[PDB]
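All remarks here apply to the structure that follows.
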Protein chains: 2
Amino acid sequence: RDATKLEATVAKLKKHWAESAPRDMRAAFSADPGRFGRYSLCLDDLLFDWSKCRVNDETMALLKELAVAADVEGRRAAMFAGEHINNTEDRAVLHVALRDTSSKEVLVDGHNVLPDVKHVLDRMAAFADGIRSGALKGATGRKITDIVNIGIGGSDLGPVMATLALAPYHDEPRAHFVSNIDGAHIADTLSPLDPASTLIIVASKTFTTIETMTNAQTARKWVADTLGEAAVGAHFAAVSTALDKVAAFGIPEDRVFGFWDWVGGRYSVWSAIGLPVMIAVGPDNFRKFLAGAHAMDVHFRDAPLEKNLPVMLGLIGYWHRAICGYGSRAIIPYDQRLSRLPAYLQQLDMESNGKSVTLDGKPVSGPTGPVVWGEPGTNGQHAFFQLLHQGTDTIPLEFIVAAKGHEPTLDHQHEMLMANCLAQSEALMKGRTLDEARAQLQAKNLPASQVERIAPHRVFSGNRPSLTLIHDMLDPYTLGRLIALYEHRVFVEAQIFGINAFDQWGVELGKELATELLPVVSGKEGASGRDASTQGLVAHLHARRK
Amino acid sequence: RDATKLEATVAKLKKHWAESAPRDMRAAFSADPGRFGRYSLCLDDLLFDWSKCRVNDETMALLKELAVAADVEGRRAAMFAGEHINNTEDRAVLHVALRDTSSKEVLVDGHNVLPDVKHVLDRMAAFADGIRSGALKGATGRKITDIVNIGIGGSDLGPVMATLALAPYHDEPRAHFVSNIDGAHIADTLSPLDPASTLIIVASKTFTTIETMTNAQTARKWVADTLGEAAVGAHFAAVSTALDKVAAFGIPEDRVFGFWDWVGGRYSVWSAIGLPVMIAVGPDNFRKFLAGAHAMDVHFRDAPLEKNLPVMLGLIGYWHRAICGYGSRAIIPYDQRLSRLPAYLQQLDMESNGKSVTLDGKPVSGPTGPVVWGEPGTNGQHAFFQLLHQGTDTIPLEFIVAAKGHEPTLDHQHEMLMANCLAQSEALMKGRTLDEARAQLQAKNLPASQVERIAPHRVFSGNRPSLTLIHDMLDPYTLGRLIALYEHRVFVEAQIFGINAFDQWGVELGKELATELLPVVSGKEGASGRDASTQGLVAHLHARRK
Ligand SMILES: [Ca+2]
Ligand SMILES: [Ca+2]
Ligand SMILES: [Ca+2]
Ligand SMILES: [Cl-]
Ligand SMILES: [Cl-]
Ligand SMILES: [Cl-]
């Protein structure tokens, strides 16, 4: 890594944005239709087109220089090598090992981790098969009809996202996900269910995660109240490494599935944490999900910078955020089954890159992670695209769509879906001028004064950037490949930012203060010494609760 | 409205923010604990506390001057009076009339709308009661067990949000919501259902909404394929005013429920669009939902500026966006049942205020609507609060929480939920200095070298603003009151921005281009000279579809 060169290149990119980057995208496309080919890449059926971004050959040359000066490639090699690149926590970062079916070995501290990874998946598969087949029954001999995952953050969003995304691959048992400490979540989830046919999965590495374990004890009582204490072992599984604590809870060791310190929560869906996903779609589908991620990993590791999809995606995201000054990015998947992808991507991106200090503990040099937000298309069009088109800020779009849906009789609806996806990016680029707006109103034969009055309200600046990702069909493999692409774009951006993508020290202060405030809120102690707002809110809660 | 006074006051606010607004919030609270009282207001049980925002008495006086200069009060009166304040469409704006049980008359174009409003509600209630009781059966004589709403935008987000929010008040029948043109949505929703016990509600004022009516024809074929053509009339209701088209489709007169041009989509959950919510919770609960909104309407209309909750919420929202420069705001409801509130507020806020021209068609003077986003607490803490605490940008928080949950046996979970809510706002304000981070590490007896290595990563800037809203319990009335609060804050901000909150010209370009693109995507027509990216994406789709 070359700090001087990196800084010089950042400055060149800012000068370039100011003086040389394309301003009129209609004109750029008109004069230079070759830009589609130059600013797109494929990996197998996956097409990544960033040609509607405000870039030219000089932009891409500078971005390559940036990737080189940031040592994206060397930092990547360190990750794959099992080096302790999570420096603040002194840990390896090896979510890639979780889906690695090609390497002979991957070493962490002198130990080949691959056999352990594969052994856990094998045990998960045997368990999932048994639950799915009815071979493994509840305490009164019933086939399990419902599974309830209990976890927070990374122990939840991945499982939810993937399970919903793979609905066509999921039959019985039904899958439910509890995460909020709010009692509404566990209460509303368990109330319609029968304990006799329900499996609870408790996802916590330590088995002391306060919110998860509080929910877990509520579920434990729900089982034991109806089926008796002895039934707990037939109605629970644990995703945990705290073998002492899982035994104390009454979960047999053959229903406990572990993972490792080098699996970050927001990168854990590939591990034992994905157990509810594997129960939902079956082990074969879960392994296809792993295989798709693995294909993206091999590509990420091996493709030269100019052909490397995640590197280009990270470079373009960095461009948008740090150089163009866009504070957010909207990720709009044109697939209702990806309804919970944006929320997943919020954790992956924002918790990784929402950082103000570098690896070495110094203040960062520019903006770091942007706000990530979105909803599926077409839904989002009818909620907030008004602002994306006519708002005062430019917000870059990341579009995702499949060439084929899963409904053989509704391909016409899929055609409308695709047309809308392509039309929105086209609209953001081309806009509509006052003359064009005027002409449309004149064609309705409105009075001249009304045309003149309304026309300015129908103007669209255009030149708003977007990129589009197209895959053949959202199947397990394609989903895995998509998530991995985003894991690696986030890695890339973090390296350019100079931050640790793999720690999360920013959650500690809230936890600390929540621990102090619990007995205060519960009426067990005073809010003496705290700020007057915290005091006033505590006082109000107490008054309203009395 | 005084444009020169308004510009002057904005300039004063910018100068005040730079030079005089509080920079050290710990000091601001410790020196002046009275700030909690001065920067909070109540309406009945509803507490609104903005004392953790970066404001003092001079900020608040300037914001009052701003409201006066913008003629917030005159514009509000014009809304309540039925004037055509949606000037670009030449329409009144009277969502407030939909819940108005106190006024003698509300006039639009000389006609009292209140009796029509109340008559539609009465008809909806009779229908809802019949469906709920089993008096109104399917074509083969079954009690309806499932309702499926089909709509886009404002015909979907409100129904979804409110039905989830009021889960404790919803028994039978089950409620489902279809919106995406993606065939996955209607197929996944209808697949498990029995047409014999299913009622489809088609929400489209025109009954020509392309996505909704495509979905509606798919649902109609689903009913007719199993039950026969004649059965359609017993399995559909319409929220529409297109009486000829509704009759042609097969929907009887007594199951069509209308609304008016002065009800905007994103303000429509109070109208006949709320029918599925009314079938879910019952008419008595729906009327309580309206009553809560009405209580907030009367307050908004009648309270003086500095005692007016929506006015002060809009002024603080404007301050954050236009003065402090915060491009987004995070709305974090500490209630799992409000899981779809942020998505609802995105449409309400962003589609209203994501505008670049003033009422008179001139370019706006500064930033308009911000990006609105969020997830419920505590879930969001474990997803993205890392970034909210330690990211490079400050993003203001709007917290919402209840003093009491619906599960007495889980009130300890509710105490944890409230403690986390208060801890997050406290943490955002207070932060943690380097010496404070070091002291925590030193208390764990870590080596000095480790203390110095780690401490900078555990620093929190603090001084990050938030406001908190507390209500006693999320019941129908409280939900109604909360949504109305946000309708009116959006109103208030729009008046300061000088824009039309009530049009949405920005959705037209995308629709236009999607209509054109459909036959090109389908292959029904050849190419016709679009940009190389659109062409490239089309060619890829054709290639992958065979
Ligand atoms: Ca399925
Ligand atoms: Ca203190
Ligand atoms: Ca800003
Ligand atoms: Cl996590
Ligand atoms: Cl004109
Ligand atoms: Cl009609």
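To find a chain, count down the sequence lines: A is the first, B the second, and so on, and within it residues start at 1.
For chain B, the nearby part of A/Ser328 is the side chain; its heavy atoms alone come within less than 4.5 Å. Interface remark: A/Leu387 contributes backbone and side-chain atoms alike to the contact with chain B (heavy atom separation under 4.5 Å). Heavy atoms of B/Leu410 lying under 4.5 Å from chain A belong exclusively to its side chain. In this structure, chain B has a heavy atom under 4.5 Å from the side chain of A/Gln440, while its backbone stays farther away. Heavy atoms of A/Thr358 lying under 4.5 Å from chain B belong exclusively to its backbone. Proximity to chain B (any heavy atom under 4.5 Å) is shown, for A/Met473, by neither the backbone nor the side chain. Both the backbone and the side chain of A/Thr88 come within contact range of chain B, each with at least one heavy atom under 4.5 Å from a heavy atom of that chain. Neither the backbone nor the side chain of A/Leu388 comes within contact range of chain B; no heavy atom of the residue lies under 4.5 Å from a heavy atom of that chain. Using a 4.5 Å cut-off between heavy atoms, B/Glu452 makes no contact with chain A at all. Interface remark: A/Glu508 contributes backbone and side-chain atoms alike to the contact with chain B (heavy atom separation under 4.5 Å). Residue contact with chain A, scored on non-hydrogen atoms closer than 4.5 Å, is absent for B/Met25. Interface remark: A/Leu509 contributes backbone and side-chain atoms alike to the contact with chain B (heavy atom separation under 4.5 Å). For a residue to count as touching a neighbouring chain, one of its non-hydrogen atoms must lie under 4.5 Å from one of that chain's; by this rule A/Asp349 does not touch chain B. With a threshold of 4.5 angstrom between heavy atoms, B/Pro370 approaches chain A through N, CA, C or O but not through any side-chain atom. Heavy atoms closer than 4.5 Å to chain B are found in both the backbone and the side chain of A/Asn420. Using a 4.5 Å cut-off between heavy atoms, A/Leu537 contacts chain B through both its backbone and its side chain. Proximity to chain B is absent for every atom of A/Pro363, based on heavy atoms less than 4.5 angstrom apart.
Residues A/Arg26 and B/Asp531 are not paired through a salt bridge, judged by the lack of any N-O separation under 4.0 Å between the basic side chain and the carboxylate.
Of the residues considered (B/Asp188, B/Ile454, B/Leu428, B/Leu157), B/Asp188 shows the highest number of contacts with chain A, using heavy-atom pairs under 4.5 Å. In terms of heavy-atom pairs under 4.5 angstrom with chain A, the leader among B/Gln424, B/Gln346, B/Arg337, B/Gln504 is B/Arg337. Annotation: maximal heavy-atom pairing with chain B below 4.5 Å, among A/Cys421, A/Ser356, A/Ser155, occurs at A/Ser356. Most heavy-atom pairs under 4.5 Å with chain A: of the set B/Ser425, B/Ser40, B/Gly377, this distinction falls to B/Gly377. If you tally non-hydrogen atom pairs under 4.5 Å between each of A/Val538, A/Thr409, A/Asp411, A/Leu348 and chain B, the highest count goes to A/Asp411. Note on A/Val401, A/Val371, A/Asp503, A/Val507: by heavy-atom pairs under 4.5 Å with chain B, the leading option is A/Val371. Residue with the most contacts toward chain A among B/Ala383, B/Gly510, B/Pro376: B/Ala383 (heavy-atom pairs, distance under 4.5 Å). Counting heavy-atom pairs closer than 4.5 Å to chain A, the top residue among B/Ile210, B/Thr214, B/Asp32 is B/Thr214. Listed options A/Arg266, A/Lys362, A/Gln413, A/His414 were ranked by heavy-atom pairs under 4.5 angstrom with chain B; first place goes to A/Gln413. Interface check for chain B: of the options A/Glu407, A/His389, A/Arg35, the most heavy-atom pairs under 4.5 Å are formed by A/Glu407. Counting heavy-atom pairs under 4.5 Å between each of A/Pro33, A/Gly153, A/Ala184 and chain B puts A/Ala184 at the top. Put simply, of B/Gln347, B/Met416, B/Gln386, B/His412, the one with the most heavy-atom pairs under 4.5 Å next to chain A is B/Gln386.
Rounded to the nearest 0.5 angstrom, A/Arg530 CZ and B/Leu422 CG are separated by 9.5 Å. Remark: B/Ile470 CD1 to B/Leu47 CG distance equals 5.5 Å, nearest 0.5 Å. Once rounded to the nearest 0.5 Å, the distance linking OH of A/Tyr334 with OG1 of A/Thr468 reads 9.5 Å. Interatomic distance, A/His457 NE2 to B/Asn500 CG, rounded to the nearest 0.5 Å: 7.5 Å. Residue B/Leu417 holds its CG atom at 5.0 Å from CG of A/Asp182, rounded to the nearest 0.5 Å. Rounding to the nearest 0.5 angstrom, the gap separating the CD atom in A/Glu512 from the OG1 atom in A/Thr515 is 8.5 Å.
Of the N and O atoms on the side chains of A/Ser466 and A/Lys52, not one donor lies less than 3.5 Å from an acceptor on the other residue. Side-chain contact check for B/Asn379 and B/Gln336: at least one donor-acceptor pair (N or O, by modelled atom type) lies under 3.5 Å. Side chains of A/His382 and B/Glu211: a donor-acceptor N/O pair is present below 3.5 angstrom, by distance only. At a cut-off of 3.5 Å, with distance as the only test, a side-chain donor of A/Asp49 or B/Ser533 sits close to an acceptor on the other residue.
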(Q) Walk me through whether A/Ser179 and A/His185 qualify under side chain to side chain contact (heavy atoms under 4.5 Å, CB included). (A) CA-CA 7 Å; A/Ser179 59; A/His185 212 174; 3.5 Å; yes
Q: Report the C-alpha separation of B/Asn180 and A/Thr378 in whole Å, then their side-chain angles, then the decisive distance to 0.1 Å, and conclude whether the side-chain hydrogen bond (donor to acceptor under 3.5 Å, both in side chains) test is met.
A: CA-CA 6 Å; B/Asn180 209 323; A/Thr378 53; 3.3 Å; yes
**Q.** Stepwise side chain to side chain contact (heavy atoms under 4.5 Å, CB included) check, A/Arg432 with A/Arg458
**A.** CA-CA 8 Å; A/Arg432 185 198 289 146; A/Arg458 303 186 68 256; 3.4 Å; yes
Q) Yes or no on side chain to side chain contact (heavy atoms under 4.5 Å, CB included) for A/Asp156 and A/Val178, after CA distance, side-chain angles and deciding distance? A) CA-CA 8 Å; A/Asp156 173 80; A/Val178 170; over 6 Å; no
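Using a 30° and 60° split on the angle between ring planes, B/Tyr39 and B/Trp50 fall in the tilted class, from 30° to 60°.
Annotation: A/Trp373 is not in aromatic contact with B/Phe384 [ring centroid separation under 6.0 Å not met].
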